[PDB]
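The structure appears right after this line, and notes come after that.
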Amino acid sequence: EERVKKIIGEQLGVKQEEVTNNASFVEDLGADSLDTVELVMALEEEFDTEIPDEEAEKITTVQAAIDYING
Amino acid sequence: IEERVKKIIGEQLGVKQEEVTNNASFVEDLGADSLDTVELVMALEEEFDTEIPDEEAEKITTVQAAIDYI
Amino acid sequence: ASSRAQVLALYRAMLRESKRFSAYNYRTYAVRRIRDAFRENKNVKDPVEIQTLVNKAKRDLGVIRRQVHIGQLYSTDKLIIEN
Amino acid sequence: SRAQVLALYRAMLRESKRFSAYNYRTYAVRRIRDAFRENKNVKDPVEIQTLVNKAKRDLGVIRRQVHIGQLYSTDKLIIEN
Amino acid sequence: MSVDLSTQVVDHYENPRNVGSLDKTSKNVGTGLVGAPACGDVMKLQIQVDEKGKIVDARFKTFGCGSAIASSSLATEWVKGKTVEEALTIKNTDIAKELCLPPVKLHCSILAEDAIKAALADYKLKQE
Amino acid sequence: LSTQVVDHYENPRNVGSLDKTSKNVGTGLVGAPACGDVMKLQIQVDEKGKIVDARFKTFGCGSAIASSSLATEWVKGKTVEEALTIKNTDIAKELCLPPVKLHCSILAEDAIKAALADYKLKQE
Amino acid sequence: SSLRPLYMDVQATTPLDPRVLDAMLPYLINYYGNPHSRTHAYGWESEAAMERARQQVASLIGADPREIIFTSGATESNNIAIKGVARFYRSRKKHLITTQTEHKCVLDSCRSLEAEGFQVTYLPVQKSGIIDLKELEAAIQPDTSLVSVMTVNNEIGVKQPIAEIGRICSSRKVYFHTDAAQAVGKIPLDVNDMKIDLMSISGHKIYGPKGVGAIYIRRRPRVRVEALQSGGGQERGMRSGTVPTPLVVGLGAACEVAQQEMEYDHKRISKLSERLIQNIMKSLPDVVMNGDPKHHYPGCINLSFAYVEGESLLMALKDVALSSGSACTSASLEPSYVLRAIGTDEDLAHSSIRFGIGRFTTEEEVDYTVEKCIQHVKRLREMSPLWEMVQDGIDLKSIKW
Amino acid sequence: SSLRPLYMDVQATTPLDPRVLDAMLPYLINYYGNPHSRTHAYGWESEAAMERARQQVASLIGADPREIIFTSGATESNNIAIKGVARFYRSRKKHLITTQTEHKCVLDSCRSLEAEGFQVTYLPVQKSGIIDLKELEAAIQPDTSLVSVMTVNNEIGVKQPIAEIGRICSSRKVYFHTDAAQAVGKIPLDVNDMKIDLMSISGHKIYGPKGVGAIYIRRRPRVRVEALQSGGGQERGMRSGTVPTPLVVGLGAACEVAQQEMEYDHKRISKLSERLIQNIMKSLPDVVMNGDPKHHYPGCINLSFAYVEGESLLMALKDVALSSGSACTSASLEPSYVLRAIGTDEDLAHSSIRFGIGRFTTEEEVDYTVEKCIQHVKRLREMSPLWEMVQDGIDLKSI
Ligand SMILES: *P(=O)(O)OCC(C)(C)[C@@H](O)C(=O)NCCC(=O)NCCSC(=O)CCCCCCCCCCC
Ligand SMILES: *Cc1c(COP(=O)(O)O)cnc(C)c1O
Ligand SMILES: *Cc1c(COP(=O)(O)O)cnc(C)c1O
Ligand SMILES: [Zn+2]
Ligand SMILES: [Zn+2]
């Protein structure tokens, strides 16, 4: 369903419990900017979308990603 | 220098400009075969920078038809 | 029952694709040889030999497509007579 | 800048992942990653501009070679299953 | 999927037939272990014969190329329920024909033949 | 291939011929041995010993053509004694001739001196 | 970054036929296996392509595939023929016969053999450029090991009477080799009809890839050759080294295509050649064609423009890629030995240029080249002292150094 | 299931690096001029590209561009070095020195020279595959003109002590040639630091195109070499013939890329090699590595699997392209002379296969190869009579 959380952990190698909806990739999950790029690309491959750079720029939290991956 | 497709047609079929009446037929009137007509319609696509698609192009057999389409 | 129509599209395609060659020599040679070839075989009546020529023309159509594409990828200046 | 840099990274990854060949694809992706990460902490702007320009040339090469591989593809590897 | 590698050889390799070993102590089994010269291809072939001279089963183990393994397996299939004298008629050329072996791999067939003859010699030698 | 050579190539100055019968015209017709580079250079001398104009025609490579054009341009308005100081090495330096083409410069110098020699021979 | 000039120098090299590049690319991308790898699929597919190409060459020249050896080019091929045949029979035969217009690789190989104690006769040619068969017969010696004569001249295009030479050599039990680099794919060649024993083939002369060639070594009445490149024994032991798969694949594609289009190419190339020559001659006097037009390949036209130096004309035609046998423009200032062989006056030897008409040449290129040729020959003639003297009727008496 | 198998045979040849092909195509399409045509623009641009590539190669090996001669491959280069040097100085020197593990082109060139009246010393190697320097010094004679030793072996991957050999040869006024086909672009090479006089380079060993190579001929002290290919004198008269522009362009691109990526490639290649070896050794006993691992290039791993014949194993791994030095795999049935030279028992010589790890090999490829290798080696051992006897012990078995 919204198992993007799984993906996030796979991308960041963090326990499924540590992908809190209110979590920030950099502030909380220890990712750099590159990790974030590879993350949004992994979501592009998993959900068959093309969230443009101007749209990707706003994806900084898990709940934001879940939200976007609904439309 | 307007709908001078006649020039193009004349160049392709090598007929005098006077024999390019709007009522002229490529095969019946201007002595062209089917291949010559293919190269002709392509020549119009290249001259007017268009892509008269196949489903529409199939019906272009007269000068007035060519003028009409554009 | 004539394959005439199948031929014609092929002709059209083979000319159109050939006309995209970036290089003067390849473009001119391809177009002229396509024309002269179709015209030379216009009077063939044997359906099997005709199908043979059609299949060969299809292989050459794929070749022309790939080579025109590559020639676009590595294009260069036009010839002095091009302008 | 910085955003331009990241845009470059994304572009080179997206284009690289289209390689038809397993060896070319995997190699391209991994080398791009290791390269950007290896240069992550460089500070000299001139060397940075150099690396960026090199990355642009390598991006054009990646595009052209990916297209070539698409025009002349073949069967996949046994390990792709 | 190959070149000068016949399909029959591939069948006798990927699907080795009569692979195994018997008890050399049963006095009713003749075991011949002969190896090839130039190409260290070694063949171990054991045959088991009940009374009346008929081969009741055959097993082998071979250290060698695919053509040697397949040649030996084919040997065991051929050395099925034939006369101990019948086995004397097995010729290397029949094997090479059966498998379409090129000249470079004939060392296999000549070895397989040898193995058969090595086994028969031990059996007769087992009858004091 | 230097740019100066290209400029004198077809942009050559003073291409033509003069009247060989004039006692005031010196005509030098020199051919090279190694190849077939031939140079004809004619000069016209005023009463004061100044070269008032010169014309040439040369059958040879581009570097020889340019060498001769530069030669006639240089002898523009100089003294018959002044012109003797024109050196082939000055020509090759002016044109940046590579070593393979120095025979052109040597031919131009040779032509100049032969033509001046013809003039002096006509005054007697 | 200005516009590019027309290519009229097909005798030096030819562009790749896009079909050939398409034939090569799969092996430059995905099929990179070594054809000598016998233990996996990459080798199997590479070998398959190589052998297919071999059959293609054999089909073009009418030989058995087993008689085709892949090389790096026509130069290596001629080296193998001359040095291999020469050395093999050295114990009993030390005389060779070739001609003075042969390519520089044949001549220089023969020169090295002379430095090694061999005897070599360089047959002269008639003013037409064609050898005299009688001098060939009378020149053959009992200890003659090899006769080498090129099929088509690379500078003037004259065709030698290959078939009759084959008959002569056969009747004398002498090996016959032909440098066919400029003929393969342009004129019909059959080794058996022509009694040919060895033949040289260049890949980049027939719109194939650079860096690959072939040598035909007859296997029927077997021909013995000493291998020059030592190694692992590839190519029946005649040419050790890794067979360059993509290059030979391209070579085969080129030979096959040439077999398909040979007649058509000859028709239109001949038309363009006649057009160029006839149009230039009708507008410029004292222009002489070098080589007999009765036995001449139309794709190579060598013309001398009397009273005009070659390199000056080339510089005039900065928009057309050409070549000349002029002393000038040659590293060691040296006139073409080919033109000296046909007895060309020194002036015309310095006044010759070579036009190449090829598979891809257009009529427009021909007309442009003709116009510029007329214009600039006129301009240079108004600049030429020899022209002036001829128009005045002077006497050849220049002064030298 | 017509899927293609993994490539683990980088020592036989390597794919084009897309960078090299991109470097080549313009000269296969638009820039088709002959580099020896001096009178028009097509020739000029071809020559320009060719000379630039030359600077690329020289830059990779630290030589002067004038010291790089283009050839058709490493075979032609080795022929030029050995036969050329040997012939030039024949009037006063007729002894050559090489080793028993050199490539067949060096060996056969030396053989032809033997047929030409030269005497040739084939140095043996230690079981490690490394020559013994003392035997090299002691082997040189007053009329020794040339020493030939390859840098890295193509069958076992051992690295020879190039620098010390250079010192010795230099101190004796003897020419030093090295077949560097297996080292260029994989391990560091500097011609001057190593006192090298001639070196062979092959394009298709370093992700370049097939059909092109180079020979480095020193100009500093100068080395005299007799040209083998007669012709018009191209390449300073050493190698007549039309230089194949696209091929030399690709070779140069390959050399530049190799200079860029050599360190990275060595790091990950070495890590993967250690992975393969350690993982195979822990799961299959009686597997022996041929060649000293202390002086060894990780890209070439030659292993003998006791009690198993090589070609049967190769056929078992129908999903991996490999190689073996087993007699039962050569046209003329012949076991690898390299393995025989390093003293490997003949039986284990028949049990060797070669894994090559290259610039593009993935860790997944390594793990797959390891797993299938274990599985099929076990299966074949249960089929092997030598296995059975070893578990029970025994000696001969007639021939
Ligand atoms: P963000 O979280 O702040 O990330 C930090 C970044 C890198 C974005 C930025 O802030 C930063 O730290 N910059 C310092 C250094 C830098 O920006 N370097 C960028 C250029 S690195 C480079 O050169 C890439 C290497 C390209 C080679 C790839 C070759 C692939 C193989 C080709 C196959 C055909
Ligand atoms: C062009 C040519 C050659 C050149 O051969 P390559 O090895 O391909 O460069 C040889 N002989 C003749 C007659 C040629 O015209
Ligand atoms: C592969 C190899 C060669 C082969 O050279 P080619 O370029 O194929 O002619 C020669 N020597 C060594 C050591 C090699 O590994
Ligand atoms: Zn075997
Ligand atoms: Zn000159």
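We count from 1, first residue shown onward.
Per the header: X-ray crystallography, 3.3 Å.
Cβ coordinates are placed from backbone N, Cα and C, and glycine is handled just like the others.
Listed features, source Swiss-Prot:
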- E:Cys39: active site, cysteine persulfide intermediate (ACT_SITE)
- E:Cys108: active site, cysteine persulfide intermediate (ACT_SITE)
- E:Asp41, E:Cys65, E:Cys108: Zn(2+) binding site (BINDING)
- E:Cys39: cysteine persulfide (MOD_RES)
- E:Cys108: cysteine persulfide (MOD_RES)
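Comparing the recorded positions E:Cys39, E:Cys65, E:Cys108 on other C-beta atoms within 10 angstroms of each C-beta gives the minimum for E:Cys39. The secondary structure of E:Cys108 (active site, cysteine persulfide intermediate), as reduced to three states from DSSP, is helical. Spacing of E:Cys108 (active site, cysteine persulfide intermediate) relative to E:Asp41 (Zn(2+) binding site) is 8 Å (Cα to Cα, whole number). Cα spacing between E:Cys65 (Zn(2+) binding site) and E:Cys39 (active site, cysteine persulfide intermediate): 9 Å, rounded to the nearest whole number. When other Cβ atoms within 10 Å of the Cβ of E:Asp41 (Zn(2+) binding site) are tallied across all protein chains shown, the result is 31. Taken residue by residue with DSSP, E:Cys39 (active site, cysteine persulfide intermediate) is part of neither helix nor strand, so it is coil.
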